[PDB]
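Written below as structure tokens is the structure these notes are about.
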Amino acid sequence: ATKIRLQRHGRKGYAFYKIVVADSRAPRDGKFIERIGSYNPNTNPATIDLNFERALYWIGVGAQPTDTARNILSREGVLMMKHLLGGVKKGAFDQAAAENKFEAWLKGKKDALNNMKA
Amino acid sequence: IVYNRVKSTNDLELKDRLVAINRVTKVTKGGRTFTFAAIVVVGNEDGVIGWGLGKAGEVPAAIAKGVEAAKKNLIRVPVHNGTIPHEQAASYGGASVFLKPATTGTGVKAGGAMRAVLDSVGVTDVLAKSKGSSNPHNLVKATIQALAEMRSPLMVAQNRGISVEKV
Amino acid sequence: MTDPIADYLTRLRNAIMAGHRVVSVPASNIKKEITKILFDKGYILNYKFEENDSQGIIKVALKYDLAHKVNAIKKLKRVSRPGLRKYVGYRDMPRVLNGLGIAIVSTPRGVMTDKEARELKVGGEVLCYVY
Amino acid sequence: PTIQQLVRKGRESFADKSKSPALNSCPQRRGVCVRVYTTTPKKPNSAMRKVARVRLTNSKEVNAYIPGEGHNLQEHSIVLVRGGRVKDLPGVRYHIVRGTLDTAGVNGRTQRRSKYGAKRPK
Amino acid sequence: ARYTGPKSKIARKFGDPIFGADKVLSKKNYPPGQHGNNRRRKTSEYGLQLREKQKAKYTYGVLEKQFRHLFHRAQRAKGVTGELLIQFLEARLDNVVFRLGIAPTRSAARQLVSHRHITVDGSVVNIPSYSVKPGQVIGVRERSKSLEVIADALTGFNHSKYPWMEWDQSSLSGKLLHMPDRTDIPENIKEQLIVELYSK
RNA sequence: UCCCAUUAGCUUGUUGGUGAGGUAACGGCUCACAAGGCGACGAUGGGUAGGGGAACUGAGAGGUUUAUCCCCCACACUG
RNA sequence: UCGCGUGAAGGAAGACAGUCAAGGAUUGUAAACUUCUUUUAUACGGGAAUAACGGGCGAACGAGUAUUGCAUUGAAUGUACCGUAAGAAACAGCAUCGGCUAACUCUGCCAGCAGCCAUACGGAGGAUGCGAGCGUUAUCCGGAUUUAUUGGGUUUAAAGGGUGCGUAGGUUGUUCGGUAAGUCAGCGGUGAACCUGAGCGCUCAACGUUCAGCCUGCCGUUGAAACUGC
RNA sequence: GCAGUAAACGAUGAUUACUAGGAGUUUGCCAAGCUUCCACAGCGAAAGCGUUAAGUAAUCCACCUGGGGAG
RNA sequence: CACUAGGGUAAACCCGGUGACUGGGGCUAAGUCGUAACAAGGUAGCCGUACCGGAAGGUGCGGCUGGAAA
Ligand SMILES: [K+]
Ligand SMILES: [K+]
Ligand SMILES: [Mg+2]
Ligand SMILES: [Mg+2]
Ligand SMILES: [Mg+2]
Ligand SMILES: [Mg+2]
Ligand SMILES: [Mg+2]
Ligand SMILES: [Mg+2]
Ligand SMILES: [Mg+2]
Numbered sequence: 002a003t004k005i006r007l008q009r010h011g012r013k014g015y016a017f018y019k020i021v022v023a024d025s026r027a028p029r030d031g032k033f034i035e036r037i038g039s040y041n042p043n044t045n046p047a048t049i050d051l052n053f054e055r056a057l058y059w060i061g062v063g064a065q066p067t068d069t070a071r072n073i074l075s076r077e078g079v080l081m082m083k084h085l086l087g088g089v090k091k092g093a094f095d096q097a098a099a100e101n102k103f104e105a106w107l108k109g110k111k112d113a114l115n116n117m118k119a
Numbered sequence: 003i004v005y006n007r008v009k010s011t012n013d014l015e016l017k018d019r020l021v022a023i024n025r026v027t028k029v030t031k032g033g034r035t036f037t038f039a040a041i042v043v044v045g046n047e048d049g050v051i052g053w054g055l056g057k058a059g060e061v062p063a064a065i066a067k068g069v070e071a072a073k074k075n076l077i078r079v080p081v082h083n084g085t086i087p088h089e090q091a092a093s094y095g096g097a098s099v100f101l102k103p104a105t106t107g108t109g110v111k112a113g114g115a116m117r118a119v120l121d122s123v124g125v126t127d128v129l130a131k132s133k134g135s136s137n138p139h140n141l142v143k144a145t146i147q148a149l150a151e152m153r154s155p156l157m158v159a160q161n162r163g164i165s166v167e168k169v
Numbered sequence: 001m002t003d004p005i006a007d008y009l010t011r012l013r014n015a016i017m018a019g020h021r022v023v024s025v026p027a028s029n030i031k032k033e034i035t036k037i038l039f040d041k042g043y044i045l046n047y048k049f050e051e052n053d054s055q056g057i058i059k060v061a062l063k064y065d066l067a068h069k070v071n072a073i074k075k076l077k078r079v080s081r082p083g084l085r086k087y088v089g090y091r092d093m094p095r096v097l098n099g100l101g102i103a104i105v106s107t108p109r110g111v112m113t114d115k116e117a118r119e120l121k122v123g124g125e126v127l128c129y130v131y
Numbered sequence: 002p003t004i005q006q007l008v009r010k011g012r013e014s015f016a017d018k019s020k021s022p023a024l025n026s027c028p029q030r031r032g033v034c035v036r037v038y039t040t041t042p043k044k045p046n047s048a049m050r051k052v053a054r055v056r057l058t059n060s061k062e063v064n065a066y067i068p069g070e071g072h073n074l075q076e077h078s079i080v081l082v083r084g085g086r087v088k089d090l091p092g093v094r095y096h097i098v099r100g101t102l103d104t105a106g107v108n109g110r111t112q113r114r115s116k117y118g119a120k121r122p123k
Numbered sequence: 002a003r004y005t006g007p008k009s010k011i012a013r014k015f016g017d018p019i020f021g022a023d024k025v026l027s028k029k030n031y032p033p034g035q036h037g038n039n040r041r042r043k044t045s046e047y048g049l050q051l052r053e054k055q056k057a058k059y060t061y062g063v064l065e066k067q068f069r070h071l072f073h074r075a076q077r078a079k080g081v082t083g084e085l086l087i088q089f090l091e092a093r094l095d096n097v098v099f100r101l102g103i104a105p106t107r108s109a110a111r112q113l114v115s116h117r118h119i120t121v122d123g124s125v126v127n128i129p130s131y132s133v134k135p136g137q138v139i140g141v142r143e144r145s146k147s148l149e150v151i152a153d154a155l156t157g158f159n160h161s162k163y164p165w166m167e168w169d170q171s172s173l174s175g176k177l178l179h180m181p182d183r184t185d186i187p188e189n190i191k192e193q194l195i196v197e198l199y200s201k
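Residue numbers (the authors' numbering), protein chains in the order written: chain c, 2 to 119; chain n, 3 to 169; chain o, 1 to 131; chain j, 2 to 123; chain l, 2 to 201.
Here it is, written out as structure tokens:
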């Protein structure tokens, strides 16, 4: 079936993934129907770039994401039923405010004194 | 056709460059007679440039005679800044040369006789090609006549009778 | 006759090389347009159209620089010959003598020079180079 | 030619030929020496050059010049043949690689050692 | 690789003491070898261009491949090719340290950089070919601010007169203002010859 | 979309029609009137080769090759 | 392919090699003082791993949160301390082209060419390229315009058919009016990685990655009528 | 009746238009249409060509791509 | 019972190899016999064609100047 997955595209020791929509029988780094984003797991904030409208369209027509692609989609907020609501409308989830959650955690800096009095 | 110039006593900036030294032979009953011929290009780093051939029995004497003849035979070339107004092709004997203006930071893309001629005339931005024989006499003369056939926009407007040809 | 435009250019070139002052050519519409373009650009001193019983005669008076005894025209070159026709767009219009010459070109808006052809954004057949 | 003539026929280009065709585009070849003999140079040169008739693995006969001072080559010796032609010698367009297979390095060499397969002196 | 050979040989061969000031350059102004100071055979223009290129390379401690890449960079960059080449040569980290006066010679600066006594923007950088950009801060590492050699080199260097370098002795650091002009650079290298040699 | 004319004629399901059968599907795809079809704008035959994007190279035009990478095709000891 | 090291700053003209009493190797060596990139030994040691599964919470199924466990590489990055210049430079040239010089030997040889049997052969001393490489061979491209549309020629250098008629084909005086095949213009569609300006990350760099600038071919559809075609 | 070659040569393919002067010469009325020698510009490596071009241009055909082997 | 891979048979074609014997060519030296060409090369040279000679060559017929002398 049509799938949403990642193609490994960096170099040795530095993995960079291209989030694509591809047929399941295609080679891992080969043919793909469409490209919808990129994923850099080396950075601690775990850099993600995604095309929201196209990802939502592919989920709507029924592309099956892999585990990591599904996690990325959930983190970006594609996985929602706000459009599924048949009894409500204009249901602003506003969960992006909580999903910001800026983790500005740093490390204290210490120095060694140079006691070379000679 | 050549602009020409009198002995440049005031314009005494004429640096002299050497193109080629040849040891020609003449045969007689006693044996062989050897001489030396030098091609000398004098230039003031401006449109003034001259060429001469000096023949003697010694290299310094040949070079001096070439310098004298080059000083006697002088012309003026319409060069603006360090480039040439337009492209120009020329032929002289078996030598054919082609010069094209280039960008400001390009230098001189030529070697040998053409490079010596261009240095003497003070052109520092040009692409030059030789599509014939590499003879020094003919190469020097063909390059000089290519330079002499040039025309600046002012001269083009002058002999066309108009002022601005959308330049 | 195989190329009347090339013949007209050759007549002009031979008259210039010989040093004549007036050259007479058989007349044609495209040749009249070329003569008008030459007069407008300032390459020839004057011209006159004579309508006799034949197709007519174009009489061209050439322009010489009295200061230097040099004709206003130096090179005339036919580009699009019958054996090899050449058409260009307005983007790829040729530039003659680094913009110091002209390229007579026939366009759907008429016969003009490459400068106004580029200005009006029209291409066509490159008749000749003049400088 | 005219444009119509070129349309009808066109132009022809001819590929060049290898200067050392018996190598078959291989940089070197293995061979067996048939006869190790001595030859005379052309008119302006006088010497006694050492040449070998070599049968390559691709079943080709070549004349290979043995360089350096002295050699240990005999008949039925396995040698390595590379390209390169000697000017005065006619018909000798190959060289024997010294210091490989049966042929050894030139003894007593100190300069240009790598061209004659001589190990670095201790 | 590094040259790591005798320096007075190169100094005498080129005349100019490019490695600083030495007592050997006096009473000896001939190229090394038994054929020195035997007049001066006419060297060609190509030989002069080659000797200028070698002078630049021995001055800045750069090998031929890196020098060719630097010339390619200058050609790609916008400006005068020779001036850009000299600016790129002077923008190297070891040269910047030497101009800041942390080390007496360019080789001493390179040794300090390699042995990790120099910090760039607060982080240890040990590549001697590192290209310093204007606005960056190059200073002594905090763990080696009391080195005897560094202290001696800075002793008497209270001038710090280079216009394109701002020195702060309190922080034991310095900053680069802008790329100096070729006339401001105090090197006798004729970059024009190198340019024509590498372009022809 | 490669060379050879020291390869000039090739073709009898072959070109078209009627009908039937068959196939996922149109069709001489197969099976039971007419003589047509293709050919110096190179048919037929012979030789050679997997084809592109890349890559390299050159100012450009162009040239070389498809090793690694991607797309399409062909094949799995021989039928 | 890229990057780094094989030490840094002082030190007079030792010994031994070469040339001519003095040049040169040479501040080179030996001495004395700093440093430890990198080897060696010890210790701390990431990131590549994010969801899992099992608990919840708004409710009728999907999602949204909170947790446990999960690293082949792996004593690899990085960090820190011992004591140490210690463990780390070769290869090809040196008669002209071409950057580099003199002695001792002598057919042996060398060789890209001019050619040399000695500023060219072999060794010694020096010098010059490059440098963890340096040379040789093989193959391809450019200069090479030596297949020339761009961009060559044919009296004598290679090159006009012995001469005509003529089939196909190629080219077509002048003018008026149509058409729109060639030609010109507008709009739309289509055309990973690599390659070009700007960034960002690899301590730099190769490289990786993002974005702006190429789409300059093909197809469809609207107009123009100077030129070629009909 | 075959054969189909030559220093079968102007060692120079056929058309069209244009561009200086001199000296001769054949033909029908100064002037064509020819047929021969010096010679401007221009061309050419030069010898040379130069209105009967090897000059200036356009159309089409033939032919060349180092020598020998080898027609 | 058709259909067919494969088998045998014959032919003819194409592609290769080898063979008693018998012919050119290239290259290297120079043994042998002459002197054909280059000067009017001692009979001007060359082109085509025919006949003939140990060989370069000779002669006949027509042509050309890429020949002196005149
Ligand atoms: K017409
Ligand atoms: K005849
Ligand atoms: Mg390296
Ligand atoms: Mg000939
Ligand atoms: Mg003829
Ligand atoms: Mg003939
Ligand atoms: Mg004779
Ligand atoms: Mg005779
Ligand atoms: Mg007889």
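Ideal Cβ placement from N, Cα and C applies to all residues, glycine included.
How many whole angstroms separate the CB atoms of residue i and residue j, which I take to be in contact at a CB cut-off of 8 Å?
{"i": "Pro-32 (chain l)", "j": "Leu-26 (chain l)", "result": "Actually they are not in contact, since the Cβ atoms of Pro-32 (chain l) and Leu-26 (chain l) sit about 13 Å apart, beyond 8 Å."}
{"i": "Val-88 (chain o)", "j": "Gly-123 (chain o)", "result": "6 Å"}
{"i": "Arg-100 (chain l)", "j": "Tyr-163 (chain l)", "result": "6 Å"}
{"i": "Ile-151 (chain l)", "j": "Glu-53 (chain l)", "result": "The pair is not a contact, with the Cβ atoms about 33 Å apart (cut-off 8 Å)."}
Starting from residue i, find everything on chain l with Cβ-Cβ shorter than 9 Å and list it in chain order.
{"i": "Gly-52 (chain n)", "result": "Ordered by position in chain l, no residue passes the 9 Å Cβ test against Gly-52 (chain n), which lies about 22 Å from the chain."}
Kindly indicate which residue of the options has the alpha-carbon position closest to the one of residue i.
{"i": "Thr-37 (chain n)", "options": "n:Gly-45, n:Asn-46, n:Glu-47 and n:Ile-23", "result": "n:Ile-23"}
{"i": "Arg-77 (chain l)", "options": "n:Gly-107, n:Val-26, n:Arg-34 and n:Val-123", "result": "n:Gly-107"}
{"i": "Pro-80 (chain n)", "options": "n:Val-123, n:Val-26, n:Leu-101 and n:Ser-132", "result": "n:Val-123"}
{"i": "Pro-28 (chain j)", "options": "j:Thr-39, j:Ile-97, j:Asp-17 and j:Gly-106", "result": "j:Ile-97"}
{"i": "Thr-126 (chain n)", "options": "l:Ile-11, l:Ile-190 and l:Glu-197", "result": "l:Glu-197"}
{"i": "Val-4 (chain n)", "options": "n:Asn-75, n:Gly-109 and n:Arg-117", "result": "n:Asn-75"}
{"i": "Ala-23 (chain j)", "options": "j:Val-93, j:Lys-123 and j:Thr-101", "result": "j:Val-93"}
{"i": "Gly-6 (chain l)", "options": "l:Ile-139, l:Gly-62 and l:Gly-157", "result": "l:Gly-62"}
Along chain l, which residues have their Cβ under 8 Å away from the Cβ of residue i?
{"i": "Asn-115 (chain c)", "result": "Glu-143, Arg-144, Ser-145, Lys-146 and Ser-147"}
{"i": "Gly-84 (chain n)", "result": "Those do not exist, as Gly-84 (chain n) stays about 13 Å from chain l at its closest Cβ, beyond 8 Å."}
Mark residue i as exposed unless 16 or more other C-beta atoms lie within 10 angstroms of its C-beta, in which case mark it buried.
{"i": "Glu-13 (chain j)", "result": "exposed"}
{"i": "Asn-25 (chain j)", "result": "exposed"}
{"i": "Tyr-95 (chain j)", "result": "buried"}
{"i": "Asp-40 (chain o)", "result": "exposed"}
{"i": "residue 124 (chain c)", "result": "With chain c running from 2 to 119 in the structure shown, residue 124 (chain c) is simply not present."}
{"i": "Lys-28 (chain l)", "result": "exposed"}
{"i": "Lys-17 (chain n)", "result": "exposed"}
{"i": "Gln-55 (chain o)", "result": "exposed"}
For a contact meaning CB atoms closer than 8 Å, what does residue i contact in chain n?
{"i": "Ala-72 (chain o)", "result": "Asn-161, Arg-162 and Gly-163"}
{"i": "residue 132 (chain o)", "result": "The requested residue 132 (chain o) is not part of the displayed model; chain o covers only 1 to 131."}
What residues from chain o crowd round residue i, counting only those whose CB sits closer than 9 Å?
{"i": "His-139 (chain n)", "result": "Within chain o, no residue comes near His-139 (chain n); the closest Cβ sits about 27 Å away, beyond 9 Å."}
{"i": "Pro-103 (chain n)", "result": "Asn-98"}
Anything in chain n within Cβ reach of residue i, meaning under 9 Å, just list it in chain order.
{"i": "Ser-45 (chain l)", "result": "Residues of chain n passing the Cβ test: none, with the nearest at roughly 13 Å."}
Who are the neighbours of residue i on chain n, taking C-beta pairs under 7 Å?
{"i": "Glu-53 (chain l)", "result": "Those within 7 Å of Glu-53 (chain l) in chain n number zero; the least Cβ separation is about 16 Å."}
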